[PDB]
Structure formats: C-alpha cells, structure tokens
Amino acid sequence: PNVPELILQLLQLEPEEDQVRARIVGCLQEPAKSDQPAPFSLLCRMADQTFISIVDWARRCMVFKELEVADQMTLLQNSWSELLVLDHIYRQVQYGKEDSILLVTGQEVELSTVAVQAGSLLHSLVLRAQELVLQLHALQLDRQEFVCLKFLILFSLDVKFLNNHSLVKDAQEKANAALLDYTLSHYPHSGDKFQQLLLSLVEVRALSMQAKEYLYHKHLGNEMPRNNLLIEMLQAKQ
Amino acid sequence: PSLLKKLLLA
Ligand SMILES: CCCCCCCCCCCCCCCCC[C@H](O)OC[C@@H](COP(=O)([O-])OCC[N+](C)(C)C)O[C@@H](O)CCCCCCCCCCCCCCC
C-alpha cells in the first residue's frame, strides 16, 4: 500500500515518547509548594505539561508554523481539550488494559481506585473514555490514522472563526483526503473505517466538553503571574 | 499576560 505524503510528514514530526515522558516527569518531580489538595495538583501540572508538548508539536507542524500568531492562538484555543483527550485515548489503546489507565508519566491508575476517590463527574468521564478506547481498539486505529486525526483536530475550526481562511481550509481538505486514502489502501476489508474514524471525533469532542465542565467546577483562581497554560486556555473567551 | 502567545513566539 502507499502512504499519503502528509502522513509521512506527520510521522517525522512525532516526538519520541520517552523524551516527552522524561521532560514531563522532570517538571513534576520538582520540590513542590503547599494551593489545591493532592492528588489534583500533581495531575493538573501533568496535563499542563502534556499540553506544552502538544503546543511544541504544533509549532513544528507544516501549515501551522506559517499562520499568524493570532490564528495559531485561535486554533489551539478551539482544540486543546480534544488534543489532550485524543492523546489520552490513544495512550490507552496502545496500553490495552481494561482494569487500569496509563498516564503520560508511565504511572498506572486502577479503575477501582477511581471508583472510590473520584467524584461522579470525573468517574463517569473516565469510564466513558474507556468505552471509546474499546471502540477504537476494535477498529484497529493505528499510528498513521492517529497522527492524521491529531492534525485534523488541530485544524478543526470552521475557517470563519479565523482571519485567514485560505491556508487552514486547504489543510482541512488535504488531511481529510489523506485519511480516506490511507484507510482505503491499508484497510480495504473494513468498508467505512474512514467514516467510523470521523464519527470517533464526535465522541472525542463530547468527552472534551465534559472534561472542561469538570475543570470549571473546580473554580480555579487566576494567577499572579500566570504559571499554568491550561488555566489560561480554560478561562480564555471567544 | 499570555502564556500561550509567549510560547508561540519563543
Ligand atoms: C481538558 C482535557 C483533558 C482530557 C484528558 C487529559 C489526560 C490526563 C488525565 C487522565 C486521567 C486522570 C485520572 C486519574 C484519577 C486518580 C484517582 C482518583 O480518582 O483521584 C482523585 C480525583 C480528585 O477528586 P474529584 O473527582 O475531582 O472530586 C471528588 C469529590 N470531592 C471533591 C468531594 C473530594 O482525581 C483528580 O484529582 C484527577 C486530576 C486530573 C487532572 C487533569 C484534568 C483534565 C480533565 C479531567 C479529567 C479527564 C479524564 C480522562 C478522560 C478524557
């Protein structure tokens, strides 16, 4: 089978997993201060750091690097939560264990731990994400479809919410063509994998919206000098 | 006060 040029470009832009982990862990293992209660503070910084890696990834991305910062900010403003969710989901697909979840740090959490420690919103969101994990495993989601889905999500904003329409609209069209062409060539006996994958993105967006609600309900404070990128993303307006 | 914008320009 042949692999769409856009996908091959995306595979060259994928960070090395252990380097991403080592960097995140190094930040997390710093002598900490005293304001929210464990384990939340640590996990929150972890998510923050994961998004930082994601931003770094987007800065190396073909069409993204071109755009004016105003637009870059707007794309990331629209997609940050979905990128994080997709990152988490894909981590679980590779991990392949129904009983626990794997975090970006290599740390592993029992679903039975979540059942007792987690509020109802958080608990129902984690379990809902495991369902999507099972679906995508059964669909044989691979690394090529993954990086392409990340790219699609990144550029998922209706271009009317942007200043420049041209470059982003084309990018959307190229990525959609690449995913279709790849699923047809590499998974001919699946039939509508292309559609089924785009349908997955609908559930990613739904999980992403519940994730923001959980965070909103934390009633987080603004920062003196801002320290947490995700906090900024969460409080950012339209 | 834009951490995001700061990162994108670095
Ligand atoms: C914004 C997009 C994010 C999408 C996913 C990003 C990828 C990283 C997150 C992975 C999943 C983390 C789950 C680990 C939970 C550990 C065990 C136990 O449940 O911990 C306690 C609990 C805190 O209590 P509470 O339910 O808030 O109140 C309980 C009730 N009481 C208030 C009364 C005390 O868990 C939290 O501390 C976890 C902190 C997570 C920080 C990142 C937040 C991102 C969005 C929310 C979670 C998304 C879950 C994944 C599914 C997409």
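Naming: A, B, ... by sequence-line order, numbering from 1 per chain. Remember, it's 1-based here, ligands and their atoms both numbered in the order they're listed.
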Report task. Determine whether A:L141 and A:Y90 make a side-chain contact, defined as any pair of heavy atoms from C-beta on separated by less than 4.5 Å. Result ->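 A:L141 vs A:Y90: side chains touch.
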Report task. Can you confirm whether something in the protein, heavy atoms only, sits under 4.0 Å from atom 37 (O) of ligand 1? Result -> yes
Requested in this report: Determine if the distance from atom 32 (C) of ligand 1 to the closest protein heavy atom is below 4.0 Å.
Outcome: no
Query raised in the report: Between A:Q172 (side chain) and A:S156 (backbone), is there a donor-acceptor pair under 3.5 Å?
Result: no
Query raised in the report: Is there a donor-acceptor contact under 3.5 Å from the side chain of A:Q36 to the main chain of A:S41?
Result: no
**Report entry** Carboxylate-amine/guanidinium contact A:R21 A:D18, below 4.0 Å
**Finding:**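 Yes, charged N to carboxylate O under 4.0 Å.
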Requested in this report: Salt-bridge test for B:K6 and A:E232: reply yes if a basic N is under 4.0 Å from a carboxylate O, no otherwise.
Outcome: no
**Report entry** Side chains of A:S124 and A:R128, donor plus acceptor under 3.5 Å
**Finding:** no
Query raised in the report: Does ligand 1 have an atom under 4.0 Å from some heavy atom of A:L125?
Result: yes
Query raised in the report: Quick check: does A:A211 get an N/O under 3.5 Å from an N/O on ligand 1?
Result: no
**Report entry** Polar contact flag for A:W80 and ligand 1 (N/O pairs, less than 3.5 Å)
**Finding:**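 Such a contact does not occur with ligand 1.
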Requested in this report: Using heavy-atom distances, let me know which of A:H217, A:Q117, A:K212 sits nearest atom 18 (C) of ligand 1.
Outcome: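 Residue with the shortest heavy-atom distance to the ligand atom: A:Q117.
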Report task. Just go through A:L121, A:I101, A:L122, A:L103 and tell me whose heavy atom is the nearest to atom 35 (O) of ligand 1. Result ->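 The residue whose heavy atom sits nearest atom 35 (O) of ligand 1 is A:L122.
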Query raised in the report: Does A:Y214 approach ligand 1 within less than 4.0 angstrom via side chain, backbone, both or neither, non-hydrogen atoms only?
Result: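 Within the 4.0 Å criterion, A:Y214 contacts ligand 1 through side-chain atoms alone.
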Query raised in the report: Taking heavy atoms and a distance under 4.0 Å, where does A:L215 meet ligand 1: side chain, backbone, both or neither?
Result: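 Under 4.0 Å from ligand 1, A:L215 contributes side-chain atoms alone.
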Query raised in the report: So which protein heavy atom does atom 29 (C) of ligand 1 come closest to, and at what separation?
Result: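 Nearest protein contact, heavy atoms only, for atom 29 (C) of ligand 1 is A:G119 N, 3.2 Å.
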**Report entry** Shortest protein heavy-atom distance from atom 51 (C) of ligand 1, along with the residue and atom involved
**Finding:** A:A129 CB, 3.7 Å
Report task. For residues 90-103 of chain A, pull every pair meeting salt bridge (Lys or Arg N to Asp or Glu O under 4.0 Å), keeping only residues two or more places apart or in separate chains. Result ->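 Sorted pair list: A:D87-A:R91, A:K97-A:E108.
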